[PDB]
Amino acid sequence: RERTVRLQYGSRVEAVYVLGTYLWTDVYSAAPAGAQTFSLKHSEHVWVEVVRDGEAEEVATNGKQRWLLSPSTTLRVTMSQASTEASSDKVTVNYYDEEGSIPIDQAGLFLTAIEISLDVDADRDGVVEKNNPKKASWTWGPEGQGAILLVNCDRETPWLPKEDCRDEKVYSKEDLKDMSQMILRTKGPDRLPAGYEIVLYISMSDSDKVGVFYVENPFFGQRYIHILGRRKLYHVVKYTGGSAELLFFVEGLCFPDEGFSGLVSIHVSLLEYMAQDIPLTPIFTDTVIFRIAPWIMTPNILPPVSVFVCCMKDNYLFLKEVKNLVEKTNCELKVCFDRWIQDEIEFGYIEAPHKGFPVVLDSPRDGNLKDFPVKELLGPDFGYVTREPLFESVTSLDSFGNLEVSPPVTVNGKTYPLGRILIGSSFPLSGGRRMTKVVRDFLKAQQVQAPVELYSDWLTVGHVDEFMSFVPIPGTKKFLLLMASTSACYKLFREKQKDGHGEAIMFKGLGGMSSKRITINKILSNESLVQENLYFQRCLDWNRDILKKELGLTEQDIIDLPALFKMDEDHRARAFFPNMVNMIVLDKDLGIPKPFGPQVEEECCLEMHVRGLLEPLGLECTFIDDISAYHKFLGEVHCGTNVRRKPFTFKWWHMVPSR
């Protein structure tokens, strides 16, 4: 980095020299009129070259050499070490006229060299390296660089209702662990020369994306000073001499979103005071960039940590059977005394090289059913983020039973190491329901899960988790797509009828259904129901094809589970018997909603059929009864579950998302 500094006619120039730059110095303008030649002296730690029309020559500290004065003959001045109090760093130029060897005048440049570097951990190893040359840019990939920042969206102490990043204050030092470190490293003499100051700053635009704190240790305890952030765009730094470091802590306030890429910048400048009423001149500027870490979703193949369950206190069978299931595993069971846990929240995570933690996305509230956000999960290293439609009204498709994510896949040679987010929608020309733009824009902005829209709008509730799920294949690295299938159910019922079981009864033991006496015969004979379910099978197959295309799946990767639906006035489907596809997946152990299918030899033929599909693959099935407490099934489920999982081993910043 070359910087222009002119000797001044007749007088002397004093300048700060910042290490890592060099000066090109005009000696001609300061020369008296009529002067012919010049000579120079310089001090030990100042390197000086005479550059004549591009050709550079090193010059001794005290030589007698003379050069012709020319506008194209200049000096290049370099220093390799900071000034100390013992320094006198200078270059002096003497001018001579035609006759005589005694100087007729002199001009000089007195220098104070300092080091100024704003440093961050751009190599993503957790420690802050000295002046990474790539620190001012951010590149994706295994070879990529630039520093990473977490949205500090958890809450360190319960005494306040709001996530840590909602204010300009820091209370507990634990908060600092969520933050990225930025160090201003300087070296120099006891003080900066008169007329200089060092200033940290950010743009107005980034002022709502970050906050930056400095830790002071005064007499009565540690304190946290907010030096940049909301309503603070700059901070004048107190300079200390010798070799010094100022440690700062940086928090992100905002996730990537529509209109915000996730990149923010922080600057330090050495400023020179010119005079009153005139702006200070930036002499030197150093810049670091941060990318705010995206919100990432966990597919069913990732190790389970905690099973969150919501049901009424008296649904005993459900609780007993869920507890049993979870006891087969190392997961914690958490119970709250009823679909909200599945529909209103999605457990994601965020990760930076230094730190990571789970973060809840809270579903938008309509004002009818959900008038209030659920913030009660907000805690230490458990974060919160939400999006609220300003104009667009919320529908059932905004619920998070409509939000899922695939396992890692490769499609046409493109790798999606974090899987792909899946959300249900309607056909483009349909005028049907679609998840709100604000939420779709959010998921898209995270970029690393490259969302795909499926077709869920043929379902009354309209959730992808009504028709599909993923399960790992035990003892392998592979997984299966599970699809609800009405054709499988009809095939099975028709076989059992042929077998003499046509009078086999469904919903056995549900007292509220008994008067209906629904048998296999009654189902197979219902002609309109057959046509409705053929149509629903077309809707399922349309999704099957999208999933095969966008996830790179073949028929080998798919298992069909018998399902059956009834159609409403809108020509949308609701479950005829509980949807088995929407199941609790804890590795090889699967909690599957109990179907209450036709009994053949005192076993549910749906249960036996599902066991016959899954068990050969090493999957262990537990059927979970959530409906008996209600005595009947009308197509709605009254319980919900959500599994919080360990994050991917693969680091999101190693991905290379499409431009």
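Numbering starts at 1 and follows the sequence shown. The term rigid core refers to the maximal set of C-alpha atoms that superpose within 1.5 Å between the two forms.
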query: 356 to 364 against 446 to 454 - segment lying farther from this form in 6 other deposited structures of this protein (CA RMS, rigid core fit); finding: 356 to 364
query: Stretch farther from the shown model on average in 6 other deposited structures of this protein, with CA RMS computed after core superposition (583 to 591, 426 to 434); finding: 426 to 434
query: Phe536: gap in at least one third of other compared structures; finding: no
query: Entries skipping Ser393: at least a third of other ones; finding: yes
query: Unmodelled deposited residues flanked by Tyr171 on one side and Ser172 on the other; finding: none
query: 471 to 479 versus 362 to 370 - which carries the larger mean C-alpha B factor in the record; finding: 362 to 370
query: Mean Cα B-factor comparison, 282 to 290 or 130 to 138, giving the higher one as deposited; finding: 130 to 138
query: Highest recorded Cα temperature factor - choice among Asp167, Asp381, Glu453, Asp587; finding: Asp167
query: Largest Cα B-factor, entry values, listed residues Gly262, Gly221, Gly356, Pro417; finding: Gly221
query: Chain-wide C-alpha B factor ranking for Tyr28, given as lowest, middle or highest third; finding: highest
query: Cα B factor band for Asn62 (lowest, middle or highest third within the chain); finding: highest
query: Within-chain third of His631 by Cα B-factor, per the entry; finding: middle
query: Ranked against its chain, the third holding the CA B-factor of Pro593; finding: lowest
query: Cα B factor band for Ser43 (lowest, middle or highest third within the chain); finding: middle
